[PDB]
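This report refers to the structure that appears directly beneath it.
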Amino acid sequence: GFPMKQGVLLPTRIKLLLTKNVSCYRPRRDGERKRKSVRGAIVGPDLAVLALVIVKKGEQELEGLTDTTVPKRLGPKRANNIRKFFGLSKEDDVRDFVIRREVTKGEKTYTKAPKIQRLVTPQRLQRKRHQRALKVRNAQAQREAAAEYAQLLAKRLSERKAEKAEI
Amino acid sequence: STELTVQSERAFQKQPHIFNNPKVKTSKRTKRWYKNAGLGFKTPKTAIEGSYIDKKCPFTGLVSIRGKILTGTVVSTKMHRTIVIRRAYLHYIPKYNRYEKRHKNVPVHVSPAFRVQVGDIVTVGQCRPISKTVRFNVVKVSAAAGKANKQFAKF
Amino acid sequence: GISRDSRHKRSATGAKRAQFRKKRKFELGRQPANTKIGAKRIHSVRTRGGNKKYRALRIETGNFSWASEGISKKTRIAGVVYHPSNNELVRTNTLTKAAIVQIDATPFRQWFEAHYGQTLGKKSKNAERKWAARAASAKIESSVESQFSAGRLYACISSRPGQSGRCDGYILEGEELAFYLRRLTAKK
Amino acid sequence: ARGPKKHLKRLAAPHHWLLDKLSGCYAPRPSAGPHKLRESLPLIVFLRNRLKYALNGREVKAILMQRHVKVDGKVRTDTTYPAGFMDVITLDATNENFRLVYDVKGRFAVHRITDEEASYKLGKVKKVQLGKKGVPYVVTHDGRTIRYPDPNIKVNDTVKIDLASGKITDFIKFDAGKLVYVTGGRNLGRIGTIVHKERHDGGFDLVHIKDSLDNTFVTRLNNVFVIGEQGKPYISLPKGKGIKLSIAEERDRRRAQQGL
RNA sequence: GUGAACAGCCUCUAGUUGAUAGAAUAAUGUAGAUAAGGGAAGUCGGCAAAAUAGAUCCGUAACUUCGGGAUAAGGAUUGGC
RNA sequence: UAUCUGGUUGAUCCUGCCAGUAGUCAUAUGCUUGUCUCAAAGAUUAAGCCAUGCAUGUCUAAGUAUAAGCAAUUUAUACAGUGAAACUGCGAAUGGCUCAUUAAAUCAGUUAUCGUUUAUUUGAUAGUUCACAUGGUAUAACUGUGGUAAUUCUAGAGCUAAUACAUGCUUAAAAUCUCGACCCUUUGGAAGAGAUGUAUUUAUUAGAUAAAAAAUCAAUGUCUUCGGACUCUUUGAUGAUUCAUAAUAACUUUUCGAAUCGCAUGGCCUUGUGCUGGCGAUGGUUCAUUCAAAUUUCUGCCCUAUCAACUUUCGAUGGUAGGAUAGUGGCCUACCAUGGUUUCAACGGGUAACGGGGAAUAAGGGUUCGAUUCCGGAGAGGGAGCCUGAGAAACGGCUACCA
RNA sequence: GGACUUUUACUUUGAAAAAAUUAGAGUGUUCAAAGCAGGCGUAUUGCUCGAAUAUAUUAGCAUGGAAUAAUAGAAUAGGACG
RNA sequence: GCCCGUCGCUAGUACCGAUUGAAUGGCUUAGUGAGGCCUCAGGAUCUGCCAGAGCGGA
Ligand SMILES: CN[C@@H]1[C@@H](O)[C@@H](O[C@@H]2[C@@H](O)[C@H](O[C@H]3O[C@H](CN)CC[C@H]3N)[C@@H](N)C[C@H]2N)OC[C@]1(C)O
Ligand SMILES: [Mg+2]
Ligand SMILES: [Mg+2]
Ligand SMILES: [Mg+2]
Ligand SMILES: [Mg+2]
Ligand SMILES: [Mg+2]
Ligand SMILES: [Mg+2]
Ligand SMILES: [Mg+2]
Ligand SMILES: [Mg+2]
Ligand SMILES: [Mg+2]
Ligand SMILES: [Mg+2]
Ligand SMILES: [Mg+2]
Ligand SMILES: [Mg+2]
Ligand SMILES: [Mg+2]
Ligand SMILES: [Mg+2]
Ligand SMILES: [Mg+2]
Ligand SMILES: [Mg+2]
Ligand SMILES: [Mg+2]
Ligand SMILES: [Mg+2]
Ligand SMILES: [Mg+2]
Ligand SMILES: [Mg+2]
Ligand SMILES: [Mg+2]
Ligand SMILES: [Mg+2]
Ligand SMILES: [Mg+2]
Ligand SMILES: [Mg+2]
Ligand SMILES: [Mg+2]
Ligand SMILES: [Mg+2]
Ligand SMILES: [Mg+2]
Ligand SMILES: [Mg+2]
Ligand SMILES: [Mg+2]
Ligand SMILES: [Mg+2]
Ligand SMILES: [Mg+2]
Ligand SMILES: [Mg+2]
Ligand SMILES: [Mg+2]
Ligand SMILES: [Mg+2]
Ligand SMILES: [Mg+2]
Ligand SMILES: [Mg+2]
Ligand SMILES: [Mg+2]
Ligand SMILES: [Mg+2]
Ligand SMILES: [Mg+2]
Ligand SMILES: [Mg+2]
Ligand SMILES: [Mg+2]
Ligand SMILES: [Mg+2]
Ligand SMILES: [Mg+2]
Ligand SMILES: [Mg+2]
Ligand SMILES: [Mg+2]
Ligand SMILES: [Mg+2]
Ligand SMILES: [Mg+2]
Ligand SMILES: [Mg+2]
Ligand SMILES: [Mg+2]
Ligand SMILES: [Mg+2]
Ligand SMILES: [Mg+2]
Ligand SMILES: [Mg+2]
Ligand SMILES: [Mg+2]
Ligand SMILES: [Mg+2]
Ligand SMILES: [Mg+2]
Ligand SMILES: [Mg+2]
Numbered sequence: 060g061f062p063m064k065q066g067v068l069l070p071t072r073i074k075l076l077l078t079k080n081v082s083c084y085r086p087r088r089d090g091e092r093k094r095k096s097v098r099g100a101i102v103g104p105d106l107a108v109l110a111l112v113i114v115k116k117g118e119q120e121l122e123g124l125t126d127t128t129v130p131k132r133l134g135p136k137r138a139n140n141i142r143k144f145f146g147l148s149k150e151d152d153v154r155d156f157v158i159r160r161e162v163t164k165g166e167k168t169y170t171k172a173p174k175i176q177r178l179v180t181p182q183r184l185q186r187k188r189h190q191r192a193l194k195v196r197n198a199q200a201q202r203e204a205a206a207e208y209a210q211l212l213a214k215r216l217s218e219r220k221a222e223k224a225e226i
Numbered sequence: 002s003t004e005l006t007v008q009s010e011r012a013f014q015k016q017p018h019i020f021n022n023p024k025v026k027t028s029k030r031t032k033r034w035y036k037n038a039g040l041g042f043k044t045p046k047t048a049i050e051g052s053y054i055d056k057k058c059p060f061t062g063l064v065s066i067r068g069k070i071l072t073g074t075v076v077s078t079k080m081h082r083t084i085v086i087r088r089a090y091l092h093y094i095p096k097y098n099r100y101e102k103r104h105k106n107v108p109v110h111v112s113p114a115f116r117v118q119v120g121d122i123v124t125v126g127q128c129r130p131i132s133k134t135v136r137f138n139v140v141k142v143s144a145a146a147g148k149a150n151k152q153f154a155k156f
Numbered sequence: 002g003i004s005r006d007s008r009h010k011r012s013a014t015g016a017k018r019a020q021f022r023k024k025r026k027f028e029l030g031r032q033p034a035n036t037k038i039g040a041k042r043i044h045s046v047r048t049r050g051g052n053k054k055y056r057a058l059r060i061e062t063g064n065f066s067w068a069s070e071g072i073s074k075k076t077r078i079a080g081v082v083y084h085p086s087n088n089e090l091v092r093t094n095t096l097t098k099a100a101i102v103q104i105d106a107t108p109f110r111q112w113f114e115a116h117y118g119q120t121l122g123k135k136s137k138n139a140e141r142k143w144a145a146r147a148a149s150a151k152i153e154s155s156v157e158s159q160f161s162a163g164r165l166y167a168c169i170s171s172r173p174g175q176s177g178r179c180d181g182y183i184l185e186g187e188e189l190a191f192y193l194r195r196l197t198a199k200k
Numbered sequence: 002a003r004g005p006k007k008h009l010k011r012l013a014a015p016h017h018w019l020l021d022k023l024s025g026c027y028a029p030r031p032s033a034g035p036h037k038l039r040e041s042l043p044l045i046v047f048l049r050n051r052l053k054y055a056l057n058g059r060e061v062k063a064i065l066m067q068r069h070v071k072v073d074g075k076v077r078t079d080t081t082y083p084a085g086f087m088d089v090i091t092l093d094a095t096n097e098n099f100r101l102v103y104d105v106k107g108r109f110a111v112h113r114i115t116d117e118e119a120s121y122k123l124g125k126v127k128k129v130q131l132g133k134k135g136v137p138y139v140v141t142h143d144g145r146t147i148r149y150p151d152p153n154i155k156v157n158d159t160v161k162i163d164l165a166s167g168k169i170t171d172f173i174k175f176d177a178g179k180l181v182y183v184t185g186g187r188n189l190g191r192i193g194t195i196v197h198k199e200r201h202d203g204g205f206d207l208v209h210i211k212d213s214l215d216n217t218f219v220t221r222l223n224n225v226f227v228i229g230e231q232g233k234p235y236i237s238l239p240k241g242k243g244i245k246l247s248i249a250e251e252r253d254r255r256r257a258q259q260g261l
């Protein structure tokens, strides 16, 4: 049952150290590395099973493979992803261009669809406008508070020059 | 110790960030930074008049004196730019209601501001760790002779 | 791994100390960068508390200041002529703090003969203006001057390249450049 | 020991909390915040043991999660929040306003104030530093960073604070003859008047104090919190106003008037 | 010349190339070699044989007539440029 | 709460022990056992070994839902209720257990950080960046086709998201700097062009005060009442700094400066789906604060000389330089010096030794104990090594060895 | 703030000192070991005392003391004051 | 009367003692040396700035 991990260049099974972001290993803790037993990448009589992907068709259709056909699972979700599945540029208003899936509860047959993420909304510009707002509205108020000091200290120095008259 | 060569190390010895501009011609040569260590301690003249370098000198160097301050007499001058003092003290045994003589030998780095001799009492301020042994630094020298003169020639 | 603990070593009395507890990740130490010249390549140590550090090895360029000219220009590093710690660093041309290199002089020569116009060693309207407001300060030093003919200037590395990833420093000048000048050709 | 400790065993709990030996295992651990672990009251010890409004801890959260509690105007929904000296706890139901302040015996007091007095509070400047880009900032025993202050404010002084905004509305210097609050030391909780301060270059300035019964003592400069000018406190003092009768003079007060 | 050396190995001067000869290459011999794994089981007996080996640096027990035992034992190192 | 009695002689008074007597927050054992309240307990031997179960998980109006999930009705042809799984985040470094180690170690009281790191909490802090009606893919769950006696093992194929992954726009006023096309001869003056947030590395300048005045040399500031003249604008903290902070020249596989989410939806016309705006969530750099951490100053241990010299192969003591670390430091490395401890007991050996709070015994003085409910330290069979992370040299994490 | 100061032992006082333990005030857990509670009316809409105190020592810091006991000084004056 | 030493019976404890004795625990020269980490490389296949080409990223 030991899988093939490409890159080893061996007919033989060898043990390795497996990490995040490599196959044959599903790390069960943060930073967990585990020593597992990988089967080599070169084919041999020793394999119970082999995995093959068809690069080109052939003069004979194959029963459960070329003859039949499957649907994809889910349609585009991200806005521009629907936009670039259908090729709509940014005008065409991808809302009604979302894909919808049916289902039926005891003749009640119903509808559902994605929620288009990274959609441009009126709500979403209200925040953007608000952010450039706070940042400038804050900016100047600190300049005035700075002038309150430049007045408080400079008019403290006009108290210190006028007390020289008391001397 | 110290007391010549100023440059004797393969490294060029200099104070950090104290710059003598070559184009601006000075008749004093060296521009020498110092401070007063504080805690009511005179930064001595020789720290200013001196030509020396050492960065473990609490007056011209980058170590700061803080924490304990200690009295003790110098038993060993044998190390260059550090020395060991014997601070004695008495220990009270409650059962017998008496005292027993103890001592603790404190290595302390002596800046080359001072000429220290064996037998001279010394005041010593605490500083950051300097060497493996030395957490303390010579600050004030309390004995200028310690019988040195009473030995004299015949006549 | 490496441990900077004093729990090893010995007493001041010269007593063997027993092994107490274990190594902790916070007593830790790491390998020397042994940073070199050529082909900039740098790895980043992730240190205690976030705090990336930057491992120089193979840096061919760094920012060097002209001490008495108040200006700084990045150059090439041409080698290492000296080092106070181990001579093997000069031989291997390894880059460390207080390591004596040679740099370029051309970014400094391009800038001096612009800011001044005095053509080391060897017409515009407002140009001759400030050129004349200058000089009197154009004398420099014979020992920095004569260097410029060779096309390489004696600098000193003031940074920690394995720590900071940058090789920076100042041009040897005045008393330092005078001193290394002795050991430089009293060793060579 | 491999990390920060997240519990408190209820013995090592600070005793000015006045928590009973049994009935539990652990104290609540005061969270990080304005006030230090040793010196602080968590709202749970307040809303439960002091004010007896909440019997559980379960009730203390079921309360705080209604926003009812708030400190210095902010709502403060965290149970272990490290409330402490000078803090103003305002229940909007019951319209109660408390300032957290010390008895003479050294604990925190349950001491009410007006709807008005609630809106300002003192704090002691713990250092005066020049911040980034020139702005000098002052910072207080309760952890408030306040910028653009009066250059005549120095360390160990005290400050009036707005609590709506945070600005300084007045500053009381540290000079001989000021009303003073003792936070820390055995004398903690005693009050007022500062006869002298002994220098001691090298740390730990001693401060003599005389209350007005004309009793005298000393504490650390660090333990001196300037509360105002002689005879006039800037905030409402509690019953007894930090005098300290001896165990006999407190024995006659109890063995005479109240009750029998 | 190598080297501690008048050792061994190679050389210069000189002096020989003298000792029956040819052709084969069985056994058995004389003289010299090497043997997988085991390691004295062989044998009166380790007979024979093998292993050791120089230098530089480290390290060295009983015991002793204190002179020794000692190269004890046991280690590391070694070219070229 | 200051107590003795019995035992050597034929008798005697002594020495001196045995024995008697008393208590024990001290274990064990034996006989016997009705009640209330309180409640220690596999420490001592063996930190010896372990079957099984359980002991660490986690979601708000508010980072990602198209479950082929349930459920609504009830407004939602993008979504919206509720919500397994999975991604994202955080936690898993606390707790709990044990005392093996450990005798200048730990620990305790007392110091130090002008020697360092710190998630978080709390308080401050951001107009400066070159499709902005908001830019790119690449994946789990899932789907389906699979291998193995065997595990929280996973392979191949087909989808699809983000506060994951990786990119990348933006904003006022002014000012100081450099360059500088021209004309201009005079103390000469100039349109216009760039640069300037923050963070990083370096170097240089400021960061004054110790009481008062003068000539000269180069550069070069601000006023002419045209010869000359000229500042009482900066002055922060500490016992003390190269400190806080500031400025100049550059440097950078440029750190950060919101491509985020919940509620509500209200103005304002010059009517463009134009331009605005509420209550708060999560973030984000720096500084402080807090929660911590790591070192650290003085002084303090049991028995032992049938342990008297110890330390420096191969760091012992110190210097210089670099490397390294979060940082100081022989922490390591090069060259250099010959140093450091001890009869005031070093060094060594032992400890049926973790240290402290405390415990028993009640003239005082002492003696004896403390594995154990609190603090500190160590460890998770023995050793080392390490990933993740603010935090571990973690063990209910991994890797290796030995068992 | 400047400029200097022979250094010690001792004894005074103080500041800084975890809880629990202990000593001990308060409170009638029905007594009691305990515990730190509780105690009062107008017991249908509240009032209110509490949770004291002391011990902590050797060392460290701060301070009054100048006896007892050490310590240094002027003699080949290289002495003191100006 | 008391009383001593060899000799002799019985029991117990310790000592010396060939076995170049044995065991436990801890340090250690030398030899060999897993492992992760740093570093010099490498480059199953897969992307960057439909004949094809340059130099950076995974
Ligand atoms: C061997 N014979 C005995 C020996 O057994 C021993 O006996 C005495 C005995 O005589 C004493 O006791 C005698 O004398 C006492 C005089 N007051 C009274 C009691 C009586 N039995 C005992 N107290 C002690 C023994 N060790 O001492 C004396 C002895 C003669 O040597
Ligand atoms: Mg940081
Ligand atoms: Mg102070
Ligand atoms: Mg201090
Ligand atoms: Mg020879
Ligand atoms: Mg020969
Ligand atoms: Mg012939
Ligand atoms: Mg013959
Ligand atoms: Mg023949
Ligand atoms: Mg023939
Ligand atoms: Mg033959
Ligand atoms: Mg052969
Ligand atoms: Mg063989
Ligand atoms: Mg063999
Ligand atoms: Mg053999
Ligand atoms: Mg044989
Ligand atoms: Mg044999
Ligand atoms: Mg035989
Ligand atoms: Mg025989
Ligand atoms: Mg024989
Ligand atoms: Mg033989
Ligand atoms: Mg051999
Ligand atoms: Mg041999
Ligand atoms: Mg060769
Ligand atoms: Mg009993
Ligand atoms: Mg009965
Ligand atoms: Mg056990
Ligand atoms: Mg076990
Ligand atoms: Mg929902
Ligand atoms: Mg998760
Ligand atoms: Mg724990
Ligand atoms: Mg132990
Ligand atoms: Mg914040
Ligand atoms: Mg984020
Ligand atoms: Mg000064
Ligand atoms: Mg600096
Ligand atoms: Mg700075
Ligand atoms: Mg969203
Ligand atoms: Mg050194
Ligand atoms: Mg360091
Ligand atoms: Mg033990
Ligand atoms: Mg003990
Ligand atoms: Mg005790
Ligand atoms: Mg204990
Ligand atoms: Mg137990
Ligand atoms: Mg541990
Ligand atoms: Mg072992
Ligand atoms: Mg071991
Ligand atoms: Mg472990
Ligand atoms: Mg476990
Ligand atoms: Mg655990
Ligand atoms: Mg074995
Ligand atoms: Mg074993
Ligand atoms: Mg005690
Ligand atoms: Mg007899
Ligand atoms: Mg025996
Ligand atoms: Mg070895």
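Protein chains in written order, with PDB author numbering: chain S6, 60 to 226; chain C1, 2 to 156; chain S8, 2 to 123, 135 to 200; chain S4, 2 to 261.
Where a beta carbon is used, it is the ideal one built from N, C-alpha and C, also for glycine.
- Along the stretch 72–94 of chain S8, going in chain order, the ones with a CB nearer than 7 Å to a CB of chain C1 are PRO85.
- With a threshold of 16 other beta carbon atoms within 10 Å, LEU133 (chain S6) falls short and is exposed.
- The three-state reading of DSSP puts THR47 (chain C1) in helix, counting H, G and I together.
- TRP67 (chain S8) is bridged by DSSP to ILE72 (chain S8).
- No Cβ of chain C1 is located within less than 8 Å of the beta carbon of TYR117 (chain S8).
- One thing to note: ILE228 (chain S4) has its Cβ no nearer than 8 Å to the Cβ of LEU189 (chain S4).
- As for any beta strand (DSSP E) of minimum length 3 sitting wholly inside the stretch 81–126 of chain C1, the runs are 84–94 and 99–109, ordered along the chain.
- Relative to ligand 39, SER132 (chain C1) has its C-beta within less than 7 Å of a heavy atom.
- Rounded to whole angstroms, the separation of the alpha carbons of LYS127 (chain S4) and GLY51 (chain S8) is 30 Å.
- The Cβ neighbour count for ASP89 (chain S6), taken over all protein chains shown within 10 Å, is under 16; the residue is labelled exposed.
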